[PDB]
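Count the sequence shown with the deposited numbering and you get residues 140 to 146, 151 to 473, 477 to 581, 587 to 871, in order. The C-beta atom is built at its ideal place from N, Cα and C for all residues, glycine as well. What follows is a set of notes on a single structure, which appears directly below.
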Amino acid sequence: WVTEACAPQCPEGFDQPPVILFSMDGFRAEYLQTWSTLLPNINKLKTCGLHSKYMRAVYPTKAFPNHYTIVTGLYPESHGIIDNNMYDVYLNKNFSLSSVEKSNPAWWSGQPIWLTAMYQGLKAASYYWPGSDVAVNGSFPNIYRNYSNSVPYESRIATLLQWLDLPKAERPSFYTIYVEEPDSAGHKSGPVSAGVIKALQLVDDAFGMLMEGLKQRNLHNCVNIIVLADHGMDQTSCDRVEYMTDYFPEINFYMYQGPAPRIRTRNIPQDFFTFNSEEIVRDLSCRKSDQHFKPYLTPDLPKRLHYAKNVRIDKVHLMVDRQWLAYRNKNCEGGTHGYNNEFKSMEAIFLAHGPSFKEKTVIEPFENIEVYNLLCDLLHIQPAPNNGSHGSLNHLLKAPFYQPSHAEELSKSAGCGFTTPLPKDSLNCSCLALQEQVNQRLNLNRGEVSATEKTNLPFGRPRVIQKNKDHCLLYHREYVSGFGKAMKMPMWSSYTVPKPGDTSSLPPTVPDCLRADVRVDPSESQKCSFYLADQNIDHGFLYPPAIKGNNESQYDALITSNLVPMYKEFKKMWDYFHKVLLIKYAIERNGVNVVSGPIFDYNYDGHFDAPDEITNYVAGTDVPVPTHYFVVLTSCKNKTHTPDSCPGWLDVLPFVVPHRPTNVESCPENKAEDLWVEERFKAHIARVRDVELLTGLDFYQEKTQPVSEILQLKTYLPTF
Ligand SMILES: Nc1ncnc2c1ncn2[C@@H]1O[C@H](COP(=O)(O)OP(=O)(O)OP(=O)(O)OP(=O)(O)OC[C@H]2O[C@@H](n3cnc4c(N)ncnc43)[C@H](O)[C@@H]2O)[C@@H](O)[C@H]1O
Ligand SMILES: *[C@@H]1O[C@H](CO)[C@@H](O[C@@H]2O[C@H](CO)[C@@H](O)[C@H](O)[C@H]2NC(C)=O)[C@H](O)[C@H]1NC(C)=O
Ligand SMILES: *[C@@H]1O[C@H](CO)[C@@H](O[C@@H]2O[C@H](CO)[C@@H](O)[C@H](O)[C@H]2NC(C)=O)[C@H](O)[C@H]1NC(C)=O
Ligand SMILES: *[C@@H]1O[C@H](CO)[C@@H](O[C@@H]2O[C@H](CO)[C@@H](O)[C@H](O)[C@H]2NC(C)=O)[C@H](O)[C@H]1NC(C)=O
Ligand SMILES: *[C@@H]1O[C@H](CO)[C@@H](O)[C@H](O)[C@H]1NC(C)=O
Ligand SMILES: *[C@@H]1O[C@H](CO)[C@@H](O)[C@H](O)[C@H]1NC(C)=O
Ligand SMILES: [Ca+2]
Ligand SMILES: [Zn+2]
Ligand SMILES: [Zn+2]
């Protein structure tokens, strides 16, 4: 097989192609990029089959949360396996590999692919995989193996080939195989060592034995095989360890040490909830100038991680920097994983071979949450509810099983039509600069509406995937917004900033000028007096008035309908972004389409809040306070075209920045805004899908491109 050239070549009795999910623990993406030519079997798989540049793992980049994510399509917060070592307050039990609690089904939520196949007629076998030797939902796979780490790779392969030799009625359709290397070698001497080369060659021989075994049964061009990894590997040092003794006089708390630390009380279950979590994060925030960790309360963590909605996830969390560790007191010489999933070293491998997959294809990076839906498509079965966007992985398949469709709008735009240029209620807003006939600019004719629809909405208006959401669209010459009547603020604001000429002299925002929007009813509008009573929250502009047109154009944005509740400290970041950063991004991208708006996620479940879920409002008013603010930047991949006139692929840069009363996360004491604002926005980069879930809005529905291709853009995570 290894010396043979590149190839629906299924033998007698094989109607549907069998699926084999192969896991090579700790096989980082860099290992394939650098050492593929030293591994002849994996190199042939890389040459002949399909492979991604890398596969993104889930946070924390550990074995058990990641392996169970691959088979469920769920984030650790949903499937329950948040770590290998965890504690549940309600169960009052400790989960560990050395305990009998590993086999307890109470810890394992969701529906793994073996159960999904079993519940839909198909049979499933497993030769090691976390959860496979556990009775998840009261059921084990048809054939399984109780974990034993030292069983030779040849024996694991031989048993799998023996399972494929079984008669059609007994023979499983889905298979899982797991190997401990090159992870074990990665821990011992780091990712750049002779030990990892020996381990990479060992796993190549294992894969080679499987391919040669399949060739002997004439299944080498029949079986749909996926070769992947749970996470990557990075080098550690004992000179690169942060100690909690340097921040606390005495440690009275329990700490899950390493690259992804969690802090809780020692007195469990009695003090689990009463434990001052907010005190520990405050006691660790901005303590040292060159601090190699950042403390966080789980809802404050970047939204793209989706690591908060689970009782097993302790409120105190530490984000450790690259190649660093965080320990309780004074191993570390070698290598480890568990760090941020965006880190290059934490990136895993993904290779695919078989009749259903495209030949000699290099695909762009994707996330492990998407693998579950693909496994269902290969097995011709219906997936259980998961976090993967069904259809985003169709570009990997020759003939896609599932055809995705646009999300249907549950609420249509109504009202807010122009009637009279004079407002019925001033709403305690004042603009002494006027005299008021600038209100006629808001009265756009059919041609004027069509003109702003083409420029500011090139991919169409974001659809409202919310039932009974009373809203209206507001048209202006420089921007278009979707105003939410119940919350008295816009859900979204779309505008295409053209390529700027000179950075030297840019016009500022017109001060002390604010008026009522004549189109919006006073009862559904915000008042300027609402912000006088509140001392921590001030009014902010969603669309920046001075970004487009002249001084006359600014008046179209100096209205109550463009107002959003903002913390004085957050307003500093927001204003710096729209004044400096956004213009810089517009130069590089040859114009940029901006879609901004508020996010409400008080229960931190990653979904848009229901009115009853909002716990904070503007002092003595029903105007809700947003938890986060989204900024989705869309430009053309080909920089020769502007976002409003682009026929090809799009380039996206979404942000989900937390709306916090302090900027303690940035540690900005005596630091100018050019040193921390960009760093803070970049730290909160998310996918378009993340924004969609948090808002209940669906983007790019009017973009002339297949749904499967738009889903690739919606699941894309920009990396710098
Ligand atoms: N279904 C299943 N049921 C049960 N078990 C299953 C299983 N599937 C897989 N496993 C087991 O899972 C492991 C593979 O997972 P891993 O990829 O190693 O990661 P993990 O399980 O998420 O964390 P773990 O607790 O094991 O790592 P730790 O840092 O504490 O450290 C591990 C080792 O690395 C060393 N190490 C860690 N960090 C180091 C560093 N910075 N420098 C040097 N050595 C380091 C430690 O000394 C130690 O020897 C294997 O042990 C395997 O047998
Ligand atoms: C990830 O997918 C899961 C499953 O579809 C979502 O979790 C469900 O959420 C609903 C509503 O909150 C609950 O009633 C279910 O009990 C949850 N199921 C499980 C298995 O947890 C989850 O919200 C999705 N996450 C994101 C961020 O979209
Ligand atoms: C994995 O190990 C468990 C525990 O040793 C085995 O489960 C036992 O199986 C027998 C026969 O079905 C039952 O009578 C016992 O009650 C089970 N004990 C427990 C604690 O579950 C299981 O069969 C082993 N599986 C394999 C494939 O070896
Ligand atoms: C889970 O493991 C932790 C840590 O080993 C145990 O925590 C101890 O709990 C008692 C109170 O029950 C405290 O007085 C100790 O100080 C804790 N030890 C540490 C090291 O923090 C906990 O008891 C275990 N729970 C179960 C059910 O096994
Ligand atoms: C658990 O199994 C039952 C059938 O016994 C099924 O109805 C249910 O949907 C399963 N739940 C999960 C999460 O797999
Ligand atoms: C950009 O589009 C033009 C046609 O308008 C084409 O000639 C050019 O090759 C494209 N650039 C890239 C990088 O594909
Ligand atoms: Ca929510
Ligand atoms: Zn691992
Ligand atoms: Zn490991």
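- Distances between the C-beta of residue 435 and the heavy atoms of ligand 7 are all 6 Å or more.
- Just measuring C-alpha positions, the residue of 324, 336, 691 and 407 sitting nearest residue 372 is 324.
- Residue 534 counts as buried, since no fewer than 16 other beta carbons sit within 10 angstroms of its beta carbon.
- Along the length of the segment 377-403, whole beta strand (DSSP E) runs at least 3 residues long occupy 377-379, 384-386 and 396-399, reported in chain order.
- Shown here for residue 157: same chain residues with a beta carbon closer than 8 Å to its own, the five before and five after excluded, namely 362 and 365 in chain order.
- Restricting attention to 226, 775, 732 and 180, the CA atom closest to the CA of residue 825 is found in 732.
- According to DSSP, residue pairing for residue 498 in a beta bridge involves 193 and 369.
- Of all alpha-carbon atoms in 621, 140, 422 and 297, the one lying nearest the alpha-carbon of residue 345 is that of 297.
- Distance check between residue 621 and each of 603, 604 and 640 places 640 closest, using alpha-carbon atoms only.
- Around the Cβ of residue 771, a 10 Å sphere holds fewer than 16 other Cβ atoms; the residue is exposed.
- One alpha carbon belongs to residue 788, the other to residue 608, and they sit about 18 Å apart.
- A straight line joining the alpha-carbon of residue 259 with that of residue 265 spans about 9 Å.
- By the 16-neighbour rule on beta-carbons within 10 angstroms, residue 650 is exposed.
- When C-alpha distances from residue 642 are compared across 660, 616 and 530, the shortest belongs to 616.
- In the same chain as residue 590, and ignoring 5 residues on each side of it, the C-beta atoms closer than 6 Å to its own belong to 567 and 669, in chain order.
- Counted as a single uninterrupted DSSP element, the stretch harbouring residue 551 is not any alpha helix (DSSP H), since DSSP gives it neither H nor E.
- In its chain, beyond the 5 residues on either side, 467, 468, 469, 470 and 478 have a beta carbon closer than 8 Å to the beta carbon of residue 384.
- Nearest C-alpha to residue 754 among 745, 779, 742 and 219: 779.
- Rounded to the nearest whole angstrom, the C-alpha separation of residue 405 and residue 458 is 8 Å.
- Straight through space, the alpha carbons of residue 375 and residue 496 are spaced by roughly 12 Å.
- Judged by DSSP in its simplified three-state form, residue 744 adopts strand.
- Within the same chain, 667 come within 7 Å of residue 572 by CB-CB distance, once the 5 residues on both sides are set aside.
- In the same chain as residue 660, and ignoring 5 residues on each side of it, the C-beta atoms closer than 6 Å to its own belong to 696 and 697, in chain order.
- Under the 8 Å Cβ criterion, the segment 224-231 counts as touching the segment 201-215, having at least three qualifying pairs.
- A direct Cα-to-Cα measurement between residue 864 and residue 551 gives close to 15 Å.
- At a cut-off of 6 Å, the beta-carbon of residue 419 does not count as near ligand 1: no heavy atom of the ligand is closer than that.
- Out of 410, 390, 861 and 386, the CA that lies nearest to the CA of residue 397 is found in 410.
- In the three-state DSSP reduction, residue 296 falls in the helix class (H, G or I).
- Relative to the non-hydrogen atoms of ligand 8, the Cβ of residue 206 comes within a distance shorter than 6 Å of at least one.
- Per DSSP, the unbroken alpha helix (DSSP H) holding residue 210 starts and ends at 206-215.
- Annotation: the segment 706-762 contains the following complete segments of the alpha helix (DSSP H) (minimum length 4 residues), in chain order: 719-727 and 733-739.
- Going by DSSP, residue 828 is part of the alpha helix (DSSP H) stretching over 828-834.
- In terms of Cα proximity to residue 146, the closest of 506, 764 and 854 is 506.
- The C-alpha of residue 170 lies about 41 Å from the C-alpha of residue 777.
- Cβ neighbours of residue 452 within its own chain (closer than 8 Å, five residues either side excluded): 220, 221, 754, 755, 756 and 757.
- Per the coordinates, the alpha-carbon of residue 581 lies some 17 Å from the alpha-carbon of residue 710.
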